[PDB]
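Shown next, in structure tokens, is the structure this report addresses.
Residue numbering restarts at 1 for every chain, and letters A, B, ... go by the order of the sequence lines.
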Protein chains: 2
Amino acid sequence: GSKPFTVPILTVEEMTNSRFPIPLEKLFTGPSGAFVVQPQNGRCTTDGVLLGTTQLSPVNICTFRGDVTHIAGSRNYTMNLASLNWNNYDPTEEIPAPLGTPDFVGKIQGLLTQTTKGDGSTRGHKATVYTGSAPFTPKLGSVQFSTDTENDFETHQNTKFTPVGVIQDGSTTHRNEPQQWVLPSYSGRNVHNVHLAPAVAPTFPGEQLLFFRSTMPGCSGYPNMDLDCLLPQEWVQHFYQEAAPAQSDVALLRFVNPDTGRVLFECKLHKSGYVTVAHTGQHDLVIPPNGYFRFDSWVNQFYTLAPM
Amino acid sequence: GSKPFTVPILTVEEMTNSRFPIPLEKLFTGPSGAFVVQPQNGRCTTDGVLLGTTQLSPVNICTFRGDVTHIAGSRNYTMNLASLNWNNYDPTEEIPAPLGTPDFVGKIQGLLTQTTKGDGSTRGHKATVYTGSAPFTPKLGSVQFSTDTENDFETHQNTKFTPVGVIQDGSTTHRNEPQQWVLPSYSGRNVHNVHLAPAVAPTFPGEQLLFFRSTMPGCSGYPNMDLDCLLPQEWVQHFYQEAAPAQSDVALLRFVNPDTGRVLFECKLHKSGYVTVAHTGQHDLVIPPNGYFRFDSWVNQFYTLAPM
Ligand SMILES: CC(=O)N[C@@H]1[C@@H](O[C@@H]2O[C@H](CO)[C@H](O)[C@H](O)[C@H]2O)[C@H](O[C@@H]2O[C@@H](C)[C@@H](O)[C@@H](O)[C@@H]2O)[C@@H](CO)O[C@@H]1O
Ligand SMILES: CC(=O)N[C@@H]1[C@@H](O[C@@H]2O[C@H](CO)[C@H](O)[C@H](O)[C@H]2O)[C@H](O[C@@H]2O[C@@H](C)[C@@H](O)[C@@H](O)[C@@H]2O)[C@@H](CO)O[C@@H]1O
């Protein structure tokens, strides 16, 4: 008597990255035994429980909201954060950081915009947040932005950060940042992160994670623009609504080609919200534009996949 | 033998505007008899046929892709457009303009970003497109951007526009632009638009359109930041996948409050993809955060709604 489980029939290129507000481009698999894979956005169980800092909006990912204060002698501003819905932020909520907070170390550039309530005057400036920096303390309710102005922003007026892309210091090794698999210190460098969505890894020999991959825009230097999420944002929204019970640890999915009527490959969708495939090595999957995932049956962690 | 029709159970504040990449904030109704309501984004039939310039990605709305050429003596660049998927753009496709093109007259500000293929060097600059301007000819394959640079962008390298918000000329009447209900001239001022999604209006006495409303960020001046769409982007994605046949002209929806178990109001979801309610005058709806739409039955255009 369990509600039947399903995944969306949207194709990969019809879906959105859950870790940055950009479209998916491709599927990628590679080894990740050497390091911890623990993203906090795009985390959701198959029965619809949001984890980490995951929230439902594709466009709220890596945004910030609040009001700002200027740092004299600079073009830097401190943002005192509001909640996702512009109310008072509560640091004691059982989350790692405000929902939608970036979950990787990098220099994220976008625009800081503001409206003055009284007359509806507005202003917007290019701005960058360094999520690896000492003032990056979103869990404690504040982050710092570098901007292109020393005086234009007003205090105590609603201010929004909209992300666009990432930058790198071109005097250093190319593509050495961002580091998408390094979590920020949400409460600052001397404080451990809390309430995290768990790290994920394949346990089965010869299996690797299957990533939903995008390329982040670059705004300066030579950044590493690869960005891999565990679930498309549309899958997060789907499971959240459906809330179908997980009848076992693992949902077997087949990736189907409607142009031939044949299955390209099969994969495991684990109930805690990630996908694995039977393959060894780094590989950009080549898929038909009309290809889609289809849930076929509940299996478990001991199931042997056909090689990808 | 028709597949059962449904709408998503996401709440309003859990969904995304289909005309700009920002969250929904509220429901709004007002009279629109005096003017033509003909948006081209967020247009989809209840049985899943995309119309106008509508595409499936919430983050692709009001983006542009292509390569750029500098205009000497200025900080202006012409973008020769690529398709939504970075291929050659075909001006003869039966659409008004490239998918995701802005469907209103306004000055849209964001970032123009670029990557050089050979070495992975990147650059990003603040940029504005005036969709009412003479060089705004997206259907013909080109638009113009004003930027903060006269020399940094390279030719013949992939270039992306990411929208953030809107601006207004502060020397003129406040909130006189953008004009969200004025379509751009997609082929320029002397050429009529083609392949448009149709204009919509209530036909029933005492009914008005029900709008899904957001506030666009403002980046300069005193802009009109109201933005009303006919369908949430998540509804577009839902109908596209479900493709449930419309058994009549009108789906009756009830907006339900789970905190009391009572219906707040009922409304008509027309098969061509828009909502009406029984109300006269401008009104910001006040709704419970957990409120949701529920499809109850197929009726038709002659059905009399309970007053909102
Ligand atoms: C030394 C330094 O950090 N300079 C950056 C500048 O980057 C340098 O730009 C050069 C050409 O303009 C070379 O490409 C150098 O390798 C590079 O380090 C940076 O310019 C941004 O990124 C570079 C790589 C180019 O893509 C530029 O087009 C782009 O604007 C600017 C912009 O923030 O800042 C310093 O001047
Ligand atoms: C005359 C003109 O168009 N000036 C804009 C400037 O706007 C003026 O800014 C004043 C205060 O700086 C007053 O607010 C004027 O009413 C306004 O016309 C504009 O500044 C942007 O928008 C204004 C309304 C303020 O919100 C500013 O904070 C904001 O930067 C700037 C920025 O593009 O351009 C011209 O200088």
Side-chain angles (χ1 to χ4, degrees), chain A residues 2-6 8 47-48 50 56-57 234 236-245, chain B residues 2-18 23-29 42 44-48 200 202 204 207-213 228-270 272-279 283-308:
Chain A
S2 291
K3 181 183 191 166
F5 180 67
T6 60
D47 63 353
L50 307 176
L56 293 161
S57 167
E234 285 81 3
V236 174
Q237 291 188 336
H238 186 82
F239 303 154
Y240 175 79
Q241 292 181 77
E242 289 292 300
Chain B
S2 291
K3 181 183 191 166
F5 180 67
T6 61
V7 303
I9 62 171
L10 299 173
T11 69
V12 170
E13 289 145 73
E14 290 173 342
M15 293 190 286
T16 311
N17 204 291
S18 57
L24 295 181
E25 292 160 26
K26 70 182 91 172
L27 298 175
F28 172 86
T29 188
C44 184
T45 67
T46 56
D47 64 353
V200 301
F204 193 107
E207 285 191 10
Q208 288 175 170
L209 294 166
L210 181 68
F211 299 101
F212 301 84
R213 175 167 278 202
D228 294 306
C229 68
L230 303 181
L231 301 168
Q233 188 62 24
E234 284 81 3
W235 288 25
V236 174
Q237 290 188 336
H238 186 82
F239 303 154
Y240 176 79
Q241 293 180 77
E242 289 292 300
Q247 295 176 215
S248 76
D249 277 7
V250 181
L252 183 63
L253 310 180
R254 271 57 180 275
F255 190 93
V256 177
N257 181 8
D259 287 12
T260 62
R262 294 188 296 279
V263 177
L264 185 58
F265 68 91
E266 61 180 15
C267 63
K268 292 177 173 165
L269 170 58
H270 301 256
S272 59
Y274 63 93
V275 185
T276 60
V277 288
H279 184 83
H283 183 78
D284 283 349
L285 279 74
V286 181
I287 59 179
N290 301 322
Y292 66 97
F293 292 89
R294 181 190 74 203
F295 168 70
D296 284 348
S297 70
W298 288 106
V299 301
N300 93 327
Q301 56 268 30
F302 310 155
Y303 187 92
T304 305
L305 298 166
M308 189 190 77

Determine whether a donor-acceptor pair (N or O, by modelled atom type, separation under 3.5 Å) exists between the side chain of B:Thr29 and the backbone of B:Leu209.
yes

Rounded to the nearest 0.5 Å, the OH atom of B:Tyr274 sits from the OG1 atom of B:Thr45 at a distance of 13.0 Å

Does any donor atom in the side chain of B:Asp259 or B:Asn290 lie under 3.5 Å from an acceptor atom in the other side chain?
yes

Side chain of B:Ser18, backbone of B:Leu231: donor and acceptor closer than 3.5 Å?
yes

Would you say B:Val275 and B:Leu230 make side-chain contact, with heavy atoms under 4.5 Å?
no

Within the structure provided, determine whether B:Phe211 and B:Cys229 are in side-chain contact (heavy-atom separation under 4.5 Å).
no

Grab the two heavy atoms, one from B:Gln208 and one from B:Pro202, that are nearest each other, plus how far apart they are.
CA-CG, 3.7 Å

With sequence neighbours excluded, give me every salt bridge (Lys or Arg N to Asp or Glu O under 4.0 Å) pair touching residues 299-308 of chain B.
none

Looking only at heavy atoms, what is the nearest atom pair of A:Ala244 and A:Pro4, with distance?
CB-O, 3.9 Å

Please work out whether the ring planes of B:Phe255 and B:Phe293 are parallel, tilted or perpendicular, with thresholds of 30° and 60°.
perpendicular

Determine whether B:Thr276 and B:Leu210 make a side-chain contact, defined as any pair of heavy atoms from C-beta on separated by less than 4.5 Å.
no

Give a yes or no answer on whether the side chain of B:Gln233 reaches the backbone of B:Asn17 with a donor-acceptor pair at less than 3.5 Å.
no

If you measure from OG1 on B:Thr304 to CD on B:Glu207, what distance do you get to the nearest 0.5 Å?
8.0 Å

Could you check whether atom CZ of B:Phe265 has more than 12 heavy atoms from other residues, nucleotides or ligands sitting under 6.0 Å from it?
yes

Return the set of residues passing salt bridge (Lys or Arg N to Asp or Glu O under 4.0 Å) with B:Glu14 (not counting sequence neighbours), or none when no residue passes.
none

Within the side chain of B:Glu266, is there an N or O that forms a donor-acceptor pair under 3.5 Å with the backbone of B:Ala306?
yes

Residues two or more places apart in sequence or in another chain: which of them pass side-chain contact (heavy atoms from CB on, under 4.5 Å) with B:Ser297?
B:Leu252, B:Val299

Roughly how far apart are B:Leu285 CG and B:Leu264 CG, rounded to 0.5 Å?
7.5 Å

For B:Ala246 and B:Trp298, the nearest pair of non-hydrogen atoms, with its separation, is CA-CH2, 3.6 Å

Classify the ring geometry between B:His279 and B:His283 as parallel (under 30°), tilted (30 to 60°) or perpendicular (over 60°).
tilted

Between B:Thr46 and B:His270, a side-chain donor and acceptor under 3.5 Å:
no

Nearest heavy-atom approach of B:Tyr292 to B:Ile9 is CB-O, 3.8 Å

Give, for atom CE of B:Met15 and atom CH2 of B:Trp235, the distance between the pair rounded to the nearest 0.5 Å.
6.0 Å

Would you check if B:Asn257 and B:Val263 make a side-chain contact, meaning some heavy-atom pair closer than 4.5 Å?
no

Kindly indicate, with the supporting measurements, whether the criterion side-chain contact (heavy atoms from CB on, under 4.5 Å) is fulfilled by B:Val250 and B:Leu269.
CA-CA 6 Å; B:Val250 181; B:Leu269 170 58; over 6 Å; no

Has the side chain of A:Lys3 got a donor or acceptor atom that lies under 3.5 Å from a matching backbone atom of A:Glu242?
yes

Would you please name every residue forming a salt bridge (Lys or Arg N to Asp or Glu O under 4.0 Å) with B:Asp228, sequence neighbours left out?
B:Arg213

Output all residues satisfying side chain to side chain donor-acceptor pair (under 3.5 Å) with A:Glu234, sequence neighbours left out; order by chain, then residue number.
A:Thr16, B:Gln237

B:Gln301 side chain near B:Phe204 side chain, heavy-atom distance below 4.5 Å:
no

Donor-acceptor pair, B:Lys26 side chain versus B:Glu13 backbone, under 3.5 Å?
no

Ring-plane angle category for A:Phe5 and A:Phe239, please: parallel below 30°, perpendicular beyond 60°, tilted otherwise.
tilted

Quick one: pull up CG in B:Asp47 and CD in B:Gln247 and give me the separation to the nearest 0.5 Å.
11.5 Å

Any pair with a residue in residues 285-301 of chain B that passes salt bridge (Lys or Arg N to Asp or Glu O under 4.0 Å), sequence neighbours left out, goes on the list, sorted by first then second residue, please.
B:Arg254-B:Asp296, B:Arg294-B:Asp296

Is the closest side-chain heavy-atom distance between A:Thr6 and A:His238 below 4.5 Å?
yes

Looking only at heavy atoms, the pair that brings B:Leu24 and B:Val12 closest together is CB-O, 3.4 Å

